[PDB]
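S.K.: First piece of the complex, coordinates kept as in the full assembly:
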Amino acid sequence: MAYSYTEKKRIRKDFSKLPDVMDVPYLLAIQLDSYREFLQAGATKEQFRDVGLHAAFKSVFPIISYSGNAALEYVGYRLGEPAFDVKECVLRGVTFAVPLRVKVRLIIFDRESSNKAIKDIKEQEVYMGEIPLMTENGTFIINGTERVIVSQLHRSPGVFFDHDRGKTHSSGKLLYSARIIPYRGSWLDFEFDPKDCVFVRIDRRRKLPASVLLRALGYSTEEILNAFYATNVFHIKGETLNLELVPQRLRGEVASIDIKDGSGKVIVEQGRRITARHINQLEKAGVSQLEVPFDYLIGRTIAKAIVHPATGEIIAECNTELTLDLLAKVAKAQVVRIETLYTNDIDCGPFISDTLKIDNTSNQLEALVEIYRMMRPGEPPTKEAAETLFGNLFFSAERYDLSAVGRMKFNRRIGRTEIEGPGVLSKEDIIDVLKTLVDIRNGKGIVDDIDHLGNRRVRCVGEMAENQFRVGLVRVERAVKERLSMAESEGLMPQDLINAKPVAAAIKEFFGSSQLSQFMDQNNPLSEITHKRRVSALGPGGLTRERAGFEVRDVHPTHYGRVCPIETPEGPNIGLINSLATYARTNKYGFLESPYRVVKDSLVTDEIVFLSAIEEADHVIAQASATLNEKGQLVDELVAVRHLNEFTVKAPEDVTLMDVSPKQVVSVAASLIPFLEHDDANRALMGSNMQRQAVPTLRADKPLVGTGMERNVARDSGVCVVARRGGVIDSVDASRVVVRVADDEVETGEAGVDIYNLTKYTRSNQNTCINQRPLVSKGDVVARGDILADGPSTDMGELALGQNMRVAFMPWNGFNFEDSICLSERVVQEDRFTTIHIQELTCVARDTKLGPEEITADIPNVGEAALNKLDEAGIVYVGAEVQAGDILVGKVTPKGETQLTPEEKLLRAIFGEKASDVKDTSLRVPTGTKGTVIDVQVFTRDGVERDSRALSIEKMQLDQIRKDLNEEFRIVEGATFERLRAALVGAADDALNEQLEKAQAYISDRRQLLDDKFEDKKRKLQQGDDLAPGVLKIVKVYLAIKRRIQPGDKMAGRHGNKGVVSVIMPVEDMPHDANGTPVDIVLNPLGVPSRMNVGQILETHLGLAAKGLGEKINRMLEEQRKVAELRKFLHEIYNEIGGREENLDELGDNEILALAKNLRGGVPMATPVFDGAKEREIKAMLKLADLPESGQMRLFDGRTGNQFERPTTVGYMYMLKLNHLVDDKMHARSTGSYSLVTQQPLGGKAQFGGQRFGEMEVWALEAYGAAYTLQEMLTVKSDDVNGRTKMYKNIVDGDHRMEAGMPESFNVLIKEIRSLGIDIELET
Amino acid sequence: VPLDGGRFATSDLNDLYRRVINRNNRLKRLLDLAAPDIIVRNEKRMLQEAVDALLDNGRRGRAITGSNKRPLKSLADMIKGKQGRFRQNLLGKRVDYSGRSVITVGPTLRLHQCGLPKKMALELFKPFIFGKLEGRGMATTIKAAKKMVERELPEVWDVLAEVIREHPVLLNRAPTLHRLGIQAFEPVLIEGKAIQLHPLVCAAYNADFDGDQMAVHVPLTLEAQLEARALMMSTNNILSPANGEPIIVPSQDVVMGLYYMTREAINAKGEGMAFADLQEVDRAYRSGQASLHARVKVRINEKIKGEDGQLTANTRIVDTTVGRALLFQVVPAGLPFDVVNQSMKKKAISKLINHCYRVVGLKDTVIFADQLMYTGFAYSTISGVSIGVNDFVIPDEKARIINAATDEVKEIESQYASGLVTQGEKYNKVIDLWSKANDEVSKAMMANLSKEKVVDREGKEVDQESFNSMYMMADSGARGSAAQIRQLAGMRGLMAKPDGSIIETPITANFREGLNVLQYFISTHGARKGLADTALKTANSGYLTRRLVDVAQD
Amino acid sequence: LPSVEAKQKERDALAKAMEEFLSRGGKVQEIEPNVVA
């Protein structure tokens, strides 16, 4: 294949065997697509009908004014431009917001039952709420700090049926309650009573009868009960002896009465089970009437009201059983018709027929009052008024929130035809809940699952932001409704009609005070990706941590390809916080989908369909590693399928779908682990979390054994700058890269120049270093998509989270006892695991009521050694080495009424120091932290007095902008000299001079923009920063610290093997081989058999062959070998072992020698998660680099010189350095400040508090005999004013016995009980 | 109290006390104006709920709620509601002379001592240095002695080394489940920021080296210093308080060096030679002229404590290996030689320390458990044991059992399509079938893993015990059991389900050969089921041990 | 909520009202954005 500019420098050996039909899509597509639907920047006059920002204005604005003749009409909205750019926004503290101006008109009427004599006044209203306008990486810059808004996995609105059999029913078979869950509020319920009844309820009401809800809506009680279970009519010619023989109801019912039908034969004996042969006789016989007894119809109740034509009145009401006295009336009245209900115990029991007689609610008038009894008993509403009142209360569209997705899930579960149901409840839907709830008792079908991915909906930032904007709009209309009704249009303007405060305040709290909008952890480019693919089950309006349990914290068979099962955080919330898969994608309704390949019995089709969770149970899905016959046919008689969420084995003639890639099940962080199939699921879950906490080291080193997904994480994270358009690089600087756009990829009719400014050393959210280094040279061509400069922890476009060290697996003198890491001194002298940390220290100047706070250079009671580092303004210089305790900025506060002690003024006269009425409150560095001042930022009020340093920093910024504008015009000036000269020498004098006016018109129009851009930056430098009220000046400095690795730091690998370095041994003590090459890290082999992670050793065996091949390339390159011998050895590595590669496409003298120089340190290899190298392919490369195929060699002891009596596994393993350094873990305290009420230790004076002595440690001392050790830690070490001060005097004097006194926690308890009117004293 | 910027902050009882005084003075003024009973009965009613809301909240009198979300914090709410002052102190209280840092293994420390950084010792023992500088004459006042510690003068380190010589410190881990969670050690000054912990006390503390932290505490009075040495010392609590078995036993790394040392081989270098004493055995092994484990005959002088008060010595010629003779050099005098003639597994060493504690006492046992740690760490490094890709040997007869069991299920699936068996009858047929084939592979794997090492004695092919790395770690009891080696070499078997059922298709692959995409997704069901179960194991068991203390504390 | 169809029928009544006015005698006013009355 053809290689780009970046791929020609270094190629990874890919061991993949399965072909890829679809590559991995954009990782951050879930954050960008959901926001473009909400915020529609690029659109025509006709907007979209989505649920974003346009749906909010289309639902709150068009409302007429009550008790008036006015109405507001929404026309459209437009988005302006942000005041500041992206990078210049994180340092000023702005929100990078954009205003929106909605054009709303005001209409007037005459209230004459006709909209006449109107006057439209279209006015572009001022900005209501500034939208944060997230960047291109999926982050929101809120108050200078970029944040992400994770998606929420909430339950979809609809109906849910289950068993819910527990201890309440005290039996196996139980009926569950169908709790209808709307979108917001107006909850409903329907519980089935155990006594063959149904008792509906509400969110806060008690059990309500279901019989009164049928007649109050308008339906008759006789017709609703006859259509529930069954309906049977019988004719009577003066004698009620007849039964309508039902071919379905008579099958399975015993007949206790002997019948003689059949013209001389018997059908059923006295109490005999009828068979299928005798049942089918009634069909071909054609008979319908039969002589039935009178004692068998006493159990069968009537369905509809029986009216006699002779009497003229209803002789029998509905739902009435037959008695002995009621039988003589039928013989006397001689009714021509009879309607009874035919129910049995084998079929479904008529629970609606028995519940109809509950509370005597069958009539239409008596049922409308029973509902009002549960909603509002004894309210001001009348009997008939409450019926019409309640009929419109829950029918309100604003009260009963039912989304479009909820209406689809409502009709699809009950089996209705109309999928897009209305927002209000329909009478046809109330009848499906009755037939489906009673069916779940007898077990004639299936139930629903509340944990399946079909019942869970993914809510992104586009919906969470539109809901807050909708709430902000209904808060404006409620306040502007009374102002418009009592006024007119000719006296005011549409701007003064409504207020824009509730809208700006509703979106201000969603991005700054919501648990979904959290600070993005950018200590690693991988952590930024996994934070945006994160799907959280917590949040507002969702399932919390306490009500989780154990049924939701597990995996489901529907999580295959949608949610990674080995990426849950271990702790209090495991299984609630999930991460999206690699190929996963949300549907239109908000459900997760995964791609599949349509496979037939003759050819696997090339089309790819994205299937949801509910559509997966129909088809048959096979694995992606199924064998093929090079023609699209499966060559295996037994394939693995999951057609019905069951991992079974079936025939290749029944498969219908096929997976795209084996990596579609794991997430992004879980796919970066080589040999994942060999590690346990418990270690793989821990290996994907520790890989996220890696700190970017000083030098980025690629992993010799990788997967292949590393070039996709670094490209989609955005930490490295890529080329927008192709062209030739003009000039490369350490701070910026400018490229010359090619002649073909230009949109306009000019040359075009792209300038990329590289980010230098800046502070991250985790106090880490972030900087970019150029990778291109001067004079090389690049294409669209090439990496020009890599970011933090990236090696030439790949992902380099750590470094690969020479690891030996053996016990070494107990230093690697359990999980400790025996380190060498070479990894410390070579600065391998050294990291740079940037710390920010701010000093604010407030306005004390006694006097303002100003930054000065005069400090009382100090010397010259403390003021030499400051300047004439009072701030340290950039680049000064500050130790622990140095003064950064000068700040003094005026004091009054000091009341100096007369014993103190005698001591000040000894030296002669003058008395100054100013308290020293300067900003100093904390104890134990040292660094270098790298940047100082000064912020002041708009128009306030600035010091000398404020303009000094301003002068440097005004020159760097001027130096960039001069470089922009310098490159475009040379393009006008080569284009005009080439056409003058090559091939009418009037036409030659006419084109000069057009060429000079473009260089003059660009020059005008340079002046507008220069005056824009000069104006922004003069704009004072708006801060909190009560602050005068804010000065913040930045300290850079280079922390090396020391015994105590936590290191880990990619296979879930963490540890803490214990000792740093010299090079002479480390075990070495016969050649004298010492190892770098000694690991303990006892951990591998305990936690089954074989991929830890397979990476070590493959890493030895990767480094061994680089030593052969180096030896071949140093011996001045010809090019024909280099490409021959490169073909033996890529095109001989496995996988598939391609050579003979690059130039030997310039592009092959450049490739062999990057492979000098080692040949990187790609091992996918489930499509990697085997044990045979690993040993094939071990014998190629002249290494043992076993991967083990006999080492020598460095201290004694003797050779080890057993071969030891050696190799190169990729190690990571986690953010668990001991510089923030080591703490100690003797004395310090105490609290106000309870005299207990605490922090706040640049020092931590103490160690909390809980009750578990008290029981440990009580289990011992230490009575004086327990009393000492409870009285003299805390809560004793006279105990701590007198014990400190004893330790200095020499003796120490005890000072018990009385704890302050008990002295306060006595004063609090006495204040409650309860006397408590000490009897003694 | 005021705050930064002139803002004040008060408590929830000032407005409650002010509301009662505002209504009490209003009632006192309403009585002298001869007001009728219609207006004075309502003011006396307001004074009722005014004092009632001050005492307690949540009763029939609703508490005042103005410009605040939480209702209020009354007088009774200060001693109840899971946050009262009486209950908040029973669950924790900050103390002085304390600190914390990560733990680190120290293999050169004794059982009664631990490592303490110099930066922590200067802060923990600060008052003891101020009193030692004035008594020695280096400082006149306490204000001048404090400035000497900030400058870190060289003479301060000589003072700090003397104030911690016989002063023990207490170390405790955050989860204190039993009595051994707090033990006293003699701190030594080490360079670094990590607390150096003894490898043998890691079993009682239940502490691994994955970044765990351990808090420190300093006993001040000599009454508390004697309780840390006589009661809370690490050498005193060598036995478990729940059983009679030793809690300080050699862990996986120490028991691995003692198992390889005492492991008899068939044919080795220096086999059959005789030694006059145990000192000749070490002299022959250090010269490289004798293997670590070879059948030899050494004359040994041992003493017997079986006789009451008679420590009689006996000289006999035994037939043992070279490694077992070197291990007898650290055994005390009261024990015979038959206690070290075995293979020295983990269960055999714990029974030797328990027998040594009941014979020679405690002083000769705390110095004997330290010698086993030094001898286990020394001989586990000489033998560079390592796990490789060829250590997980696969039995050649595993394919003959999997392919045979797969054909026995195909003949059953044909009977399911013919109507001979039902769904429940076929379920119990395929579940019990794979469970039989899983035990057949496990017994065929351990037979090939344990008796594979072959040797040559004067010309032969004799089968001995396997000298394999994966077999040694499971036989010695260091780390791993039969259920874990089964998943590395043999088949994994049938996996469970969070619902409680067993899947029909088992995992016929191991971790060496690798799993498929569907076989790996099935194993994730029981993985997160066991991880989420640990969250309940710390919440339910902690509630049980708390209820048991509240009953049997007196 | 008022999300979609709660007030949709009212929009058609107001849209048809302005169509009759804009047919004959219909005028549009270009009011400035920042106006107090």
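M.R.: It's in. Numbers count the residues shown, from 1 in each chain, chains lettered A, B, ... in the order given.

S.K.: Would you agree residue A:1246 is in contact with residue A:929?
M.R.: No - proximity of residue A:1246 to residue A:929 does not meet the contact threshold set by Cβ atoms under 8 Å, at 9.7 Å. Where C-beta positions appear, they are placed from N, C-alpha and C, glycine not excepted.

S.K.: who's more crowded, the two?
M.R.: residue A:929 (18 against 12; other Cβ atoms under 10 Å in any protein chain shown).

S.K.: Over to the residue nearest to that one when sequence neighbours are not counted: give its phi and psi.
M.R.: Once flanking residues are discounted, residue A:929 sits nearest to residue A:884: 6.3 Å by Cβ to Cβ, 6 or more residues apart in numbering or on different chains. Dihedral pair for residue A:884: phi -80, psi 120, per degrees, to the nearest 10.

S.K.: now swap in residue B:2 and tell me
M.R.: phi -80, psi 170.

S.K.: in chain A, which residue is closest to the centre?
M.R.: Central residue of chain A (Cα atoms, centre = their mean): residue A:534, 2.8 Å from the mean position.

S.K.: how near is the residue lying closest to that residue once chain neighbours are set aside to residue A:140?
M.R.: The spatially closest residue to residue A:534, leaving aside those adjacent along the chain, is residue A:150, at 4.7 Å (Cβ to Cβ, 6+ apart). Distance of residue A:150 to residue A:140, given as Cβ to Cβ, to the nearest Å: 12 Å.

S.K.: what do you get for residue A:961?
M.R.: 27 Å.

S.K.: list the contacts for residue A:127?
M.R.: Contacts of residue A:127 were listed using Cβ atoms under 8 Å, 6 or more residues apart in numbering or on different chains, and they are A:80, A:99, A:100, A:101, A:500.

S.K.: who wins for neighbours among those?
M.R.: Neighbour-wise, the contacts of residue A:127 (other Cβ under 10 Å) top out at residue A:100, 20 neighbours.

S.K.: Tell me if I'm right that it and residue A:132 touch.
M.R.: No - if you go by Cβ under 8 Å, residue A:100 and residue A:132 don't touch, sitting 11.9 Å apart.

S.K.: Just the helices from chain C, written as ranges.
M.R.: C:8-23 (DSSP state H).

S.K.: Residue A:1241: how many residues sit nearby?
M.R.: Residues near residue A:1241, counting by other Cβ under 10 Å: 25.

S.K.: So what does it look like in phi/psi?
M.R.: Dihedral angles (degrees, to the nearest 10) for residue A:1241: phi -60, psi 150.

S.K.: next up, chain D:
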Amino acid sequence: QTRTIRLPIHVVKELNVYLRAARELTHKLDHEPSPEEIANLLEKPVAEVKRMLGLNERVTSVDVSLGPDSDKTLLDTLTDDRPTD
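M.R.: Placing chain D onto the earlier chains gives this:
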């Protein structure tokens, strides 16, 4: 009977004027409340308006849980200046 620190009747009468004049100005046209633009509407000096608005006590409560988690109180984190170490 409203505020904790009682204000005399002679300074509390003129305080409601600054609070009533600040309400009408903030709602003029998309206006933000500030103490600079209110000094011109009432013809008050810059140092006088900063004292009238700052005279409002608006005391807070120390028995409030700081943050989303209700596990720490503000009073338990306060220190004293009169007592020493």
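
S.K.: Revisit the contacts of residue A:127 given that chain D is now included?
M.R.: Taking Cβ under 8 Å, 6+ apart, one finds A:80, A:99, A:100, A:101, A:500, D:30 in contact with residue A:127.

S.K.: Try it again at 6 Å.
M.R.: A:99, A:100 (Cβ atoms under 6 Å, 6 or more residues apart in numbering or on different chains).

S.K.: Distance of it relative to residue A:102?
M.R.: Residue A:127 is 9 Å from residue A:102, by Cβ to Cβ.

S.K.: do residue A:123 as well
M.R.: As judged by Cβ to Cβ, residue A:123 and residue A:102 stand 10 Å apart.

S.K.: Not counting residues beside it along the chain, what's closest to the residue lying farthest from the centre of chain D?
M.R.: Seen from the C-alpha centroid of chain D, the residue lying at the greatest distance (Cα atoms, centre = their mean) is residue D:85, 33.7 Å away. Using Cβ to Cβ, 6+ apart and skipping residues adjacent in sequence, the residue nearest residue D:85 is residue A:1231, 5.1 Å away.

S.K.: did I read that right, the one you found in a helix?
M.R.: No - read with DSSP: H, G, I helix; E, B strand; the rest coil, residue A:1231 is coil and lies in no helix.

S.K.: number of nearby residues for it?
M.R.: What residue A:1231 shows, counting by other Cβ under 10 Å, is a neighbour count of 16.

S.K.: From residue A:1282, how far out is it?
M.R.: 15 Å.

S.K.: For residue A:1219, which residues are in contact?
M.R.: A:693, A:695.

S.K.: And it, how far from residue A:527?
M.R.: Spatial separation of residue A:1219 from residue A:527 under the definition Cβ to Cβ is 10 Å.

S.K.: can you check residue B:2 too?
M.R.: Distance from residue B:2 to residue A:527, by Cβ to Cβ: 42 Å.

S.K.: between the two, who's got more neighbours?
M.R.: For the pair residue B:2 and residue A:527, the greater number of neighbours falls to residue A:527 (21 against 10), based on other Cβ under 10 Å.

S.K.: Run through who's touching the helix or strand harbouring the more buried one.
M.R.: Assigned by DSSP states H and E, residue A:527 falls within helix A:525-532. Residues outside helix A:525-532 that contact it (Cβ under 6 Å, 6+ apart): A:27-28, A:31, A:138, A:148, A:520-522, A:579, A:668-669, A:692, A:713, A:717, A:719.

S.K.: Now intersect those residues with the helices, please.
M.R.: A:31, A:668, A:669, A:713, A:717.

S.K.: from those, which is closest to chain C?
M.R.: When these are ranked by distance to chain C (Cβ to the nearest Cβ), residue A:31 comes first, at 23.4 Å.
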